[PDB]
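Asker: my_file_27.tsv is reproduced below (TSV, N, CA and C atoms and all ligand atoms).
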```tsv
chain	number	residue	atom	x	y	z
A	1	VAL	N	-15.39	1.90	-15.32
A	1	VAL	CA	-14.30	0.92	-15.39
A	1	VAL	C	-14.76	-0.52	-15.28
A	2	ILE	N	-13.85	-1.44	-15.64
A	2	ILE	CA	-14.17	-2.86	-15.58
A	2	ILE	C	-14.44	-3.30	-14.15
A	3	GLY	N	-13.61	-2.87	-13.23
A	3	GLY	CA	-13.87	-3.21	-11.85
A	3	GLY	C	-13.34	-4.57	-11.48
A	4	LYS	N	-13.21	-4.78	-10.19
A	4	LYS	CA	-12.60	-5.98	-9.70
A	4	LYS	C	-13.53	-7.05	-9.16
A	5	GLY	N	-14.80	-6.69	-9.07
A	5	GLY	CA	-15.81	-7.64	-8.68
A	5	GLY	C	-16.00	-7.86	-7.21
A	6	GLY	N	-16.69	-8.94	-6.87
A	6	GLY	CA	-16.99	-9.24	-5.50
A	6	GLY	C	-15.77	-9.81	-4.83
A	7	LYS	N	-15.63	-9.50	-3.55
A	7	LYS	CA	-14.49	-9.97	-2.78
A	7	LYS	C	-14.92	-10.75	-1.57
A	8	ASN	N	-16.19	-11.14	-1.56
A	8	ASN	CA	-16.71	-12.01	-0.52
A	8	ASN	C	-16.44	-11.48	0.87
A	9	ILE	N	-16.86	-10.24	1.09
A	9	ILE	CA	-16.74	-9.61	2.41
A	9	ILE	C	-18.09	-9.51	3.11
A	10	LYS	N	-19.13	-10.11	2.54
A	10	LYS	CA	-20.47	-10.18	3.14
A	10	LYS	C	-21.15	-8.82	3.12
B	1	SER	N	2.77	-6.66	-21.78
B	1	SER	CA	1.50	-7.07	-21.20
B	1	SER	C	0.80	-5.85	-20.62
B	2	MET	N	-0.36	-6.08	-19.99
B	2	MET	CA	-1.02	-5.00	-19.30
B	2	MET	C	-0.26	-4.56	-18.06
B	3	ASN	N	0.69	-5.36	-17.57
B	3	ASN	CA	1.32	-5.07	-16.29
B	3	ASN	C	2.70	-4.43	-16.45
B	4	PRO	N	2.98	-3.39	-15.68
B	4	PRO	CA	4.33	-2.83	-15.65
B	4	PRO	C	5.25	-3.61	-14.73
B	5	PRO	N	6.56	-3.39	-14.82
B	5	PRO	CA	7.45	-3.85	-13.76
B	5	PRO	C	7.03	-3.27	-12.43
B	6	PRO	N	7.26	-3.98	-11.33
B	6	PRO	CA	6.87	-3.47	-10.03
B	6	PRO	C	7.71	-2.27	-9.64
B	7	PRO	N	7.26	-1.47	-8.67
B	7	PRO	CA	8.07	-0.32	-8.23
B	7	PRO	C	9.40	-0.78	-7.65
B	8	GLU	N	10.41	0.09	-7.77
B	8	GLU	CA	11.69	-0.19	-7.14
B	8	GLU	C	11.53	-0.25	-5.62
B	9	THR	N	12.33	-1.11	-4.99
B	9	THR	CA	12.26	-1.28	-3.54
B	9	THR	C	13.56	-0.97	-2.81
B	10	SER	N	14.62	-0.62	-3.53
B	10	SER	CA	15.89	-0.23	-2.93
B	10	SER	C	16.22	1.20	-3.35
B	11	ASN	N	16.76	1.98	-2.41
B	11	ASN	CA	17.07	3.38	-2.68
B	11	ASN	C	18.55	3.51	-2.96
B	12	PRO	N	18.96	3.82	-4.20
B	12	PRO	CA	20.39	3.76	-4.54
B	12	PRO	C	21.18	4.81	-3.78
B	13	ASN	N	22.30	4.40	-3.20
B	13	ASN	CA	23.27	5.25	-2.53
B	13	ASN	C	22.75	5.87	-1.24
B	14	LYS	N	21.60	5.42	-0.75
B	14	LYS	CA	21.06	5.97	0.47
B	14	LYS	C	21.73	5.31	1.68
B	15	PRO	N	22.32	6.08	2.58
B	15	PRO	CA	22.80	5.50	3.84
B	15	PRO	C	21.69	4.89	4.67
B	16	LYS	N	22.06	3.87	5.43
B	16	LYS	CA	21.13	3.19	6.35
B	16	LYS	C	20.92	4.15	7.53
B	17	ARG	N	19.68	4.38	7.94
B	17	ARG	CA	19.33	5.29	9.03
B	17	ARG	C	18.08	4.65	9.62
B	18	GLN	N	18.22	3.99	10.77
B	18	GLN	CA	17.08	3.40	11.46
B	18	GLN	C	16.53	4.40	12.45
B	19	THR	N	15.20	4.43	12.61
B	19	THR	CA	14.57	5.30	13.58
B	19	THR	C	13.42	4.58	14.27
B	20	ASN	N	13.05	5.07	15.45
B	20	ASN	CA	11.88	4.50	16.12
B	20	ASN	C	10.63	4.63	15.26
B	21	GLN	N	10.47	5.75	14.54
B	21	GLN	CA	9.29	5.91	13.69
B	21	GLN	C	9.28	4.88	12.57
B	22	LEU	N	10.43	4.62	11.94
B	22	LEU	CA	10.48	3.63	10.86
B	22	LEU	C	10.27	2.22	11.39
B	23	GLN	N	10.82	1.91	12.57
B	23	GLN	CA	10.54	0.62	13.18
B	23	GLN	C	9.05	0.47	13.44
B	24	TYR	N	8.41	1.52	13.92
B	24	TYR	CA	6.98	1.48	14.18
B	24	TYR	C	6.20	1.29	12.89
B	25	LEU	N	6.60	1.99	11.84
B	25	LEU	CA	5.88	1.85	10.57
B	25	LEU	C	5.93	0.42	10.06
B	26	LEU	N	7.05	-0.27	10.22
B	26	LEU	CA	7.11	-1.64	9.74
B	26	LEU	C	6.45	-2.61	10.71
B	27	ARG	N	6.80	-2.53	11.99
B	27	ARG	CA	6.44	-3.58	12.94
B	27	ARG	C	5.05	-3.41	13.55
B	28	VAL	N	4.50	-2.21	13.50
B	28	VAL	CA	3.17	-1.92	14.01
B	28	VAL	C	2.22	-1.60	12.86
B	29	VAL	N	2.53	-0.57	12.06
B	29	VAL	CA	1.57	-0.12	11.06
B	29	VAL	C	1.42	-1.14	9.95
B	30	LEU	N	2.50	-1.43	9.23
B	30	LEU	CA	2.41	-2.37	8.12
B	30	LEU	C	1.96	-3.74	8.61
B	31	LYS	N	2.54	-4.24	9.69
B	31	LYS	CA	2.20	-5.60	10.19
B	31	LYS	C	0.70	-5.68	10.53
B	32	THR	N	0.14	-4.66	11.16
B	32	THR	CA	-1.29	-4.69	11.59
B	32	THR	C	-2.17	-4.73	10.33
B	33	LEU	N	-1.87	-3.92	9.34
B	33	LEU	CA	-2.67	-3.88	8.09
B	33	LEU	C	-2.47	-5.21	7.35
B	34	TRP	N	-1.25	-5.74	7.33
B	34	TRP	CA	-0.89	-6.96	6.55
B	34	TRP	C	-1.71	-8.17	7.04
B	35	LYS	N	-1.95	-8.27	8.34
B	35	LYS	CA	-2.65	-9.43	8.97
B	35	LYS	C	-4.17	-9.29	8.84
B	36	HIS	N	-4.68	-8.11	8.46
B	36	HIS	CA	-6.11	-7.89	8.42
B	36	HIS	C	-6.75	-8.76	7.35
B	37	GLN	N	-7.99	-9.19	7.60
B	37	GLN	CA	-8.68	-10.08	6.67
B	37	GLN	C	-8.90	-9.44	5.31
B	38	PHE	N	-8.86	-8.11	5.22
B	38	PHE	CA	-9.07	-7.39	3.97
B	38	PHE	C	-7.77	-6.99	3.27
B	39	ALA	N	-6.62	-7.45	3.75
B	39	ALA	CA	-5.35	-6.99	3.20
B	39	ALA	C	-5.02	-7.61	1.84
B	40	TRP	N	-5.54	-8.79	1.55
B	40	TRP	CA	-5.00	-9.59	0.45
B	40	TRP	C	-5.00	-8.88	-0.90
B	41	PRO	N	-6.01	-8.09	-1.28
B	41	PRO	CA	-5.94	-7.41	-2.59
B	41	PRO	C	-4.84	-6.40	-2.68
B	42	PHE	N	-4.23	-6.03	-1.56
B	42	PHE	CA	-3.26	-4.95	-1.50
B	42	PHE	C	-1.86	-5.44	-1.20
B	43	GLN	N	-1.65	-6.76	-1.09
B	43	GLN	CA	-0.36	-7.29	-0.66
B	43	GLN	C	0.64	-7.43	-1.79
B	44	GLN	N	0.26	-7.14	-3.02
B	44	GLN	CA	1.12	-7.26	-4.18
B	44	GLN	C	0.58	-6.29	-5.22
B	45	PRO	N	1.39	-5.93	-6.21
B	45	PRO	CA	0.90	-5.06	-7.28
B	45	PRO	C	-0.37	-5.60	-7.91
B	46	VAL	N	-1.24	-4.69	-8.33
B	46	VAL	CA	-2.42	-5.11	-9.08
B	46	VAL	C	-1.97	-5.88	-10.32
B	47	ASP	N	-2.45	-7.13	-10.47
B	47	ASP	CA	-2.10	-7.98	-11.61
B	47	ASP	C	-3.22	-7.87	-12.64
B	48	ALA	N	-3.09	-6.89	-13.53
B	48	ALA	CA	-4.14	-6.64	-14.52
B	48	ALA	C	-4.29	-7.79	-15.50
B	49	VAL	N	-3.24	-8.56	-15.74
B	49	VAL	CA	-3.38	-9.74	-16.59
B	49	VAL	C	-4.22	-10.81	-15.89
B	50	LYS	N	-3.74	-11.29	-14.73
B	50	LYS	CA	-4.41	-12.37	-14.01
B	50	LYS	C	-5.83	-11.99	-13.59
B	51	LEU	N	-6.11	-10.69	-13.48
B	51	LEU	CA	-7.43	-10.19	-13.12
B	51	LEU	C	-8.23	-9.70	-14.32
B	52	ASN	N	-7.65	-9.75	-15.51
B	52	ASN	CA	-8.28	-9.28	-16.74
B	52	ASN	C	-8.81	-7.85	-16.59
B	53	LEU	N	-7.87	-6.93	-16.33
B	53	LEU	CA	-8.16	-5.52	-16.08
B	53	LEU	C	-7.36	-4.66	-17.06
B	54	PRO	N	-7.73	-4.69	-18.35
B	54	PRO	CA	-6.95	-3.92	-19.34
B	54	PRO	C	-6.97	-2.42	-19.12
B	55	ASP	N	-7.90	-1.90	-18.32
B	55	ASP	CA	-7.99	-0.47	-18.09
B	55	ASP	C	-7.20	0.02	-16.87
B	56	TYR	N	-6.71	-0.88	-16.02
B	56	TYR	CA	-6.20	-0.41	-14.73
B	56	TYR	C	-4.99	0.52	-14.90
B	57	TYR	N	-3.97	0.08	-15.64
B	57	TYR	CA	-2.76	0.89	-15.74
B	57	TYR	C	-2.90	1.99	-16.79
B	58	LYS	N	-4.02	2.01	-17.51
B	58	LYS	CA	-4.41	3.19	-18.28
B	58	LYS	C	-4.78	4.35	-17.35
B	59	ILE	N	-5.34	4.05	-16.19
B	59	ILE	CA	-5.86	5.05	-15.26
B	59	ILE	C	-4.88	5.33	-14.12
B	60	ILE	N	-4.21	4.31	-13.61
B	60	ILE	CA	-3.33	4.44	-12.45
B	60	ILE	C	-1.91	4.61	-12.97
B	61	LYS	N	-1.37	5.82	-12.79
B	61	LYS	CA	-0.05	6.17	-13.29
B	61	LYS	C	1.06	5.98	-12.26
B	62	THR	N	0.73	5.95	-10.96
B	62	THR	CA	1.70	5.79	-9.87
B	62	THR	C	1.28	4.58	-9.04
B	63	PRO	N	1.58	3.38	-9.52
B	63	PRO	CA	1.13	2.18	-8.80
B	63	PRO	C	1.77	2.09	-7.43
B	64	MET	N	1.02	1.54	-6.47
B	64	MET	CA	1.60	1.28	-5.16
B	64	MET	C	0.78	0.21	-4.47
B	65	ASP	N	1.44	-0.59	-3.64
B	65	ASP	CA	0.82	-1.69	-2.93
B	65	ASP	C	1.61	-1.93	-1.65
B	66	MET	N	1.03	-2.70	-0.73
B	66	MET	CA	1.65	-2.89	0.58
B	66	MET	C	2.85	-3.82	0.47
B	67	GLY	N	2.88	-4.73	-0.51
B	67	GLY	CA	4.09	-5.54	-0.68
B	67	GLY	C	5.29	-4.68	-0.99
B	68	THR	N	5.10	-3.70	-1.87
B	68	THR	CA	6.15	-2.75	-2.17
B	68	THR	C	6.55	-1.94	-0.94
B	69	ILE	N	5.58	-1.43	-0.19
B	69	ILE	CA	5.88	-0.63	0.99
B	69	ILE	C	6.64	-1.47	1.99
B	70	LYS	N	6.18	-2.70	2.20
B	70	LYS	CA	6.86	-3.63	3.11
B	70	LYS	C	8.33	-3.80	2.75
B	71	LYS	N	8.60	-4.09	1.47
B	71	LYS	CA	9.97	-4.26	1.02
B	71	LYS	C	10.76	-2.97	1.15
B	72	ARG	N	10.14	-1.83	0.83
B	72	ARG	CA	10.83	-0.56	1.00
B	72	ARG	C	11.24	-0.36	2.46
B	73	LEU	N	10.34	-0.65	3.41
B	73	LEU	CA	10.72	-0.53	4.82
B	73	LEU	C	11.85	-1.50	5.16
B	74	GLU	N	11.73	-2.73	4.70
B	74	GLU	CA	12.74	-3.75	4.99
B	74	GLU	C	14.10	-3.35	4.43
B	75	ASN	N	14.12	-2.62	3.32
B	75	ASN	CA	15.34	-2.22	2.67
B	75	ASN	C	15.78	-0.82	3.07
B	76	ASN	N	15.11	-0.22	4.04
B	76	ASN	CA	15.44	1.12	4.52
B	76	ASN	C	15.39	2.15	3.41
B	77	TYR	N	14.39	2.01	2.53
B	77	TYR	CA	14.24	2.91	1.38
B	77	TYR	C	13.82	4.31	1.78
B	78	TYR	N	13.05	4.45	2.85
B	78	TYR	CA	12.49	5.73	3.25
B	78	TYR	C	13.43	6.47	4.20
B	79	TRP	N	13.60	7.77	3.96
B	79	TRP	CA	14.39	8.59	4.85
B	79	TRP	C	13.65	8.99	6.13
B	80	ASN	N	12.32	8.98	6.11
B	80	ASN	CA	11.52	9.40	7.25
B	80	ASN	C	10.11	8.84	7.09
B	81	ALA	N	9.27	9.11	8.10
B	81	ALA	CA	7.93	8.54	8.14
B	81	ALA	C	7.06	9.13	7.05
B	82	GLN	N	7.20	10.43	6.79
B	82	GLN	CA	6.31	11.04	5.82
B	82	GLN	C	6.45	10.39	4.45
B	83	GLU	N	7.65	9.96	4.07
B	83	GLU	CA	7.78	9.32	2.77
B	83	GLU	C	7.03	8.00	2.74
B	84	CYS	N	7.06	7.25	3.84
B	84	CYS	CA	6.33	5.99	3.88
B	84	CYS	C	4.83	6.23	3.90
B	85	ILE	N	4.37	7.16	4.74
B	85	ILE	CA	2.95	7.53	4.79
B	85	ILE	C	2.45	7.94	3.41
B	86	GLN	N	3.25	8.72	2.66
B	86	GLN	CA	2.87	9.11	1.31
B	86	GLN	C	2.58	7.90	0.42
B	87	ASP	N	3.39	6.84	0.53
B	87	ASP	CA	3.12	5.64	-0.28
B	87	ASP	C	1.84	4.95	0.14
B	88	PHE	N	1.56	4.82	1.45
B	88	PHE	CA	0.28	4.28	1.87
B	88	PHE	C	-0.86	5.13	1.30
B	89	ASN	N	-0.72	6.46	1.35
B	89	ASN	CA	-1.80	7.31	0.86
B	89	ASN	C	-1.99	7.10	-0.64
B	90	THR	N	-0.89	6.98	-1.39
B	90	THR	CA	-1.00	6.72	-2.82
B	90	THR	C	-1.73	5.42	-3.10
B	91	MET	N	-1.44	4.37	-2.33
B	91	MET	CA	-2.12	3.10	-2.51
B	91	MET	C	-3.62	3.28	-2.32
B	92	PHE	N	-4.02	3.97	-1.26
B	92	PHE	CA	-5.45	4.16	-1.04
B	92	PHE	C	-6.07	5.04	-2.12
B	93	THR	N	-5.41	6.15	-2.47
B	93	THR	CA	-5.90	7.01	-3.54
B	93	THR	C	-6.11	6.24	-4.83
B	94	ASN	N	-5.16	5.40	-5.23
B	94	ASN	CA	-5.33	4.68	-6.48
B	94	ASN	C	-6.61	3.86	-6.43
B	95	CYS	N	-6.87	3.22	-5.31
B	95	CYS	CA	-8.06	2.40	-5.17
B	95	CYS	C	-9.31	3.23	-5.33
B	96	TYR	N	-9.33	4.40	-4.71
B	96	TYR	CA	-10.51	5.24	-4.74
B	96	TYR	C	-10.73	5.97	-6.06
B	97	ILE	N	-9.68	6.20	-6.85
B	97	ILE	CA	-9.88	6.85	-8.13
B	97	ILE	C	-10.19	5.86	-9.26
B	98	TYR	N	-9.79	4.59	-9.13
B	98	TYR	CA	-10.06	3.59	-10.15
B	98	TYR	C	-11.42	2.93	-9.90
B	99	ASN	N	-11.62	2.38	-8.72
B	99	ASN	CA	-12.79	1.55	-8.47
B	99	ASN	C	-14.03	2.37	-8.16
B	100	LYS	N	-15.19	1.85	-8.56
B	100	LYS	CA	-16.43	2.58	-8.36
B	100	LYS	C	-16.73	2.67	-6.88
B	101	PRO	N	-17.10	3.85	-6.36
B	101	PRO	CA	-17.48	3.94	-4.95
B	101	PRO	C	-18.53	2.89	-4.63
B	102	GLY	N	-18.36	2.26	-3.49
B	102	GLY	CA	-19.26	1.22	-3.06
B	102	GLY	C	-18.79	-0.19	-3.36
B	103	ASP	N	-17.87	-0.37	-4.31
B	103	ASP	CA	-17.38	-1.70	-4.63
B	103	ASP	C	-16.70	-2.31	-3.40
B	104	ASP	N	-16.67	-3.64	-3.38
B	104	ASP	CA	-16.08	-4.33	-2.23
B	104	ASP	C	-14.65	-3.89	-1.98
B	105	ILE	N	-13.83	-3.74	-3.03
B	105	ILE	CA	-12.43	-3.35	-2.82
B	105	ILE	C	-12.34	-1.98	-2.13
B	106	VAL	N	-13.27	-1.09	-2.46
B	106	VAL	CA	-13.29	0.24	-1.84
B	106	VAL	C	-13.64	0.13	-0.37
B	107	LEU	N	-14.62	-0.70	-0.01
B	107	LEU	CA	-14.94	-0.89	1.40
B	107	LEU	C	-13.76	-1.51	2.14
B	108	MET	N	-13.00	-2.36	1.46
B	108	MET	CA	-11.83	-2.98	2.09
B	108	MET	C	-10.74	-1.95	2.30
B	109	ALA	N	-10.47	-1.13	1.29
B	109	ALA	CA	-9.51	-0.05	1.46
B	109	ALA	C	-9.95	0.90	2.56
B	110	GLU	N	-11.24	1.23	2.62
B	110	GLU	CA	-11.71	2.12	3.68
B	110	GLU	C	-11.42	1.54	5.05
B	111	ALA	N	-11.66	0.25	5.23
B	111	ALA	CA	-11.41	-0.38	6.52
B	111	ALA	C	-9.92	-0.32	6.86
B	112	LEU	N	-9.07	-0.65	5.89
B	112	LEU	CA	-7.63	-0.61	6.13
B	112	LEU	C	-7.14	0.80	6.42
B	113	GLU	N	-7.68	1.78	5.70
B	113	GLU	CA	-7.30	3.17	5.91
B	113	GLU	C	-7.67	3.66	7.31
B	114	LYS	N	-8.81	3.22	7.84
B	114	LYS	CA	-9.16	3.59	9.19
B	114	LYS	C	-8.14	3.07	10.18
B	115	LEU	N	-7.72	1.81	10.02
B	115	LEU	CA	-6.71	1.23	10.88
B	115	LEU	C	-5.37	1.93	10.70
B	116	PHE	N	-5.01	2.23	9.46
B	116	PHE	CA	-3.80	2.98	9.17
B	116	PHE	C	-3.78	4.29	9.94
B	117	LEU	N	-4.85	5.08	9.83
B	117	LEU	CA	-4.86	6.40	10.46
B	117	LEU	C	-4.81	6.28	11.97
B	118	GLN	N	-5.49	5.27	12.52
B	118	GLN	CA	-5.43	5.08	13.96
B	118	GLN	C	-4.00	4.79	14.41
B	119	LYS	N	-3.28	3.96	13.66
B	119	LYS	CA	-1.92	3.63	14.06
B	119	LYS	C	-0.98	4.80	13.86
B	120	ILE	N	-1.14	5.56	12.76
B	120	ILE	CA	-0.25	6.70	12.50
B	120	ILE	C	-0.42	7.79	13.56
B	121	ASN	N	-1.60	7.88	14.16
B	121	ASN	CA	-1.83	8.85	15.21
B	121	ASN	C	-0.99	8.56	16.44
B	122	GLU	N	-0.46	7.34	16.57
B	122	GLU	CA	0.38	6.94	17.69
B	122	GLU	C	1.84	6.71	17.29
B	123	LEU	N	2.26	7.29	16.18
B	123	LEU	CA	3.66	7.29	15.80
B	123	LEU	C	4.52	7.80	16.96
B	124	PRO	N	5.60	7.10	17.33
B	124	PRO	CA	6.47	7.59	18.40
B	124	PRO	C	7.07	8.94	18.03
B	125	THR	N	7.44	9.69	19.06
B	125	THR	CA	8.10	10.97	18.87
B	125	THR	C	9.41	10.87	18.08
C	1	NA	NA	-4.60	0.39	-4.42
```
In structure tokens, how does this file's structure come out?
Answerer:
Amino acid sequence: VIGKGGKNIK
Amino acid sequence: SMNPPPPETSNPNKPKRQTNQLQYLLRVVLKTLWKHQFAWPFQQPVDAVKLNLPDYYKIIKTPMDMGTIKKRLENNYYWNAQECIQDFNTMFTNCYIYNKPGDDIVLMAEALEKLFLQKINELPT
């Protein structure tokens, strides 16, 4: 899938 | 567009029935998850347009999010706790069946689900 990417959770 | 209308949040012809369990689900369970630093991706329906996700609603047939659950609780949509718990479970399931294991959103859902289960274990009688 395309995916939602980074969410800056470290 | 890629996005459907959001789920319904009012239950037609349903009598109002307040319970300690439903109060707990809104004021303890939903509120605790809502304030968490990882809640934001789950506070509204997945916006496949604004996120450029043409595949999301191809894969997810039963959309659910905490904004919808919140409004359902506020509108007394659920007859009992199990119906509300089922919607939380659907929200987490959708995340885990769409997104690749290990992705940040999956780790965020995992964290929220742990808190969810901890709170549900203390549902009032
Ligand atoms: Na989800």
Asker: Please identify all residues of chain B having at least one atom at most 12 Å from any atom of chain A, considering only C-alpha atoms, and return them as a ChimeraX atom specification.
Answerer: /B:37-41,46-48,50-60,95-109,111
Asker: Counting only N, CA and C atoms and all ligand atoms, which residues of chain B sit at most 6.5 Å from some atom of ligand NA 1 (chain C), and what is each one's closest atom pair with its distance in Å to one decimal, listed by chain and rising residue number, as a tab-separated table?
Answerer:
```
residue	atom	partner	partner_atom	distance
B:42	CA	C:NA1	NA	6.2
B:64	C	C:NA1	NA	5.4
B:65	CA	C:NA1	NA	6.0
B:90	C	C:NA1	NA	5.9
B:91	C	C:NA1	NA	3.7
B:92	N	C:NA1	NA	4.8
B:93	C	C:NA1	NA	6.1
B:94	C	C:NA1	NA	4.5
B:95	N	C:NA1	NA	3.7
B:96	N	C:NA1	NA	6.2
```
Asker: Counting only C-alpha atoms, figure out which residue out of B:1, B:10, B:125, B:89 gets nearest to residue B:22.
Answerer: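 Among the listed residues, the smallest separation from residue B:22 belongs to B:125.
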Asker: Just to confirm, what's the straight-line distance from atom CA of residue B:21 to atom N of residue B:62 in Å (one decimal)?
Answerer: 26.1 Å
Asker: Work out how far apart atom CA of residue B:36 and atom CA of residue B:84 are and give it in Å to one decimal.
Answerer: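 So the two atoms, atom CA of residue B:36 and atom CA of residue B:84, lie 19.2 Å apart.
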Asker: Return as a PyMOL selection string the full set of residues in chain B whose backbone-based DSSP assignment is helix (DSSP H, G or I).
Answerer: chain B and resi 20-35+40-42+56-59+66-74+81-98+104-120
Asker: If I take atom N of residue B:74 and atom N of residue B:4, how far is one from the other in Å, to one decimal?
Answerer: 22.2 Å
Asker: Determine the nearest neighbour of residue B:6 from the options B:120, B:25, B:69, B:33, counting only C-alpha atoms.
Answerer: B:69
Asker: Using the partial input, fill out chain A with N, CA, C and O atoms; write the result as an mmCIF file, in the frame of the given file.
Answerer:
```cif
data_model
loop_
_atom_site.group_PDB
_atom_site.id
_atom_site.type_symbol
_atom_site.label_atom_id
_atom_site.label_comp_id
_atom_site.auth_asym_id
_atom_site.auth_seq_id
_atom_site.Cartn_x
_atom_site.Cartn_y
_atom_site.Cartn_z
ATOM 1 N N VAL A 1 -15.390 1.900 -15.320
ATOM 2 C CA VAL A 1 -14.300 0.920 -15.390
ATOM 3 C C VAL A 1 -14.760 -0.520 -15.280
ATOM 4 O O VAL A 1 -15.872 -0.818 -14.857
ATOM 5 N N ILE A 2 -13.850 -1.440 -15.640
ATOM 6 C CA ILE A 2 -14.170 -2.860 -15.580
ATOM 7 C C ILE A 2 -14.440 -3.300 -14.150
ATOM 8 O O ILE A 2 -15.385 -4.044 -13.875
ATOM 9 N N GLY A 3 -13.610 -2.870 -13.230
ATOM 10 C CA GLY A 3 -13.870 -3.210 -11.850
ATOM 11 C C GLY A 3 -13.340 -4.570 -11.480
ATOM 12 O O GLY A 3 -13.051 -5.416 -12.341
ATOM 13 N N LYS A 4 -13.210 -4.780 -10.190
ATOM 14 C CA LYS A 4 -12.600 -5.980 -9.700
ATOM 15 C C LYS A 4 -13.530 -7.050 -9.160
ATOM 16 O O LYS A 4 -13.162 -8.208 -8.857
ATOM 17 N N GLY A 5 -14.800 -6.690 -9.070
ATOM 18 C CA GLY A 5 -15.810 -7.640 -8.680
ATOM 19 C C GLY A 5 -16.000 -7.860 -7.210
ATOM 20 O O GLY A 5 -15.555 -7.068 -6.372
ATOM 21 N N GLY A 6 -16.690 -8.940 -6.870
ATOM 22 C CA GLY A 6 -16.990 -9.240 -5.500
ATOM 23 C C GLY A 6 -15.770 -9.810 -4.830
ATOM 24 O O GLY A 6 -14.999 -10.546 -5.447
ATOM 25 N N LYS A 7 -15.630 -9.500 -3.550
ATOM 26 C CA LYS A 7 -14.490 -9.970 -2.780
ATOM 27 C C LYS A 7 -14.920 -10.750 -1.570
ATOM 28 O O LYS A 7 -14.141 -11.051 -0.670
ATOM 29 N N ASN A 8 -16.190 -11.140 -1.560
ATOM 30 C CA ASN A 8 -16.710 -12.010 -0.520
ATOM 31 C C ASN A 8 -16.440 -11.480 0.870
ATOM 32 O O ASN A 8 -15.897 -12.181 1.726
ATOM 33 N N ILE A 9 -16.860 -10.240 1.090
ATOM 34 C CA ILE A 9 -16.740 -9.610 2.410
ATOM 35 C C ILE A 9 -18.090 -9.510 3.110
ATOM 36 O O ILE A 9 -18.180 -8.903 4.178
ATOM 37 N N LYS A 10 -19.130 -10.110 2.540
ATOM 38 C CA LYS A 10 -20.470 -10.180 3.140
ATOM 39 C C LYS A 10 -21.150 -8.820 3.120
ATOM 40 O O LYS A 10 -21.126 -8.114 2.113
#
```
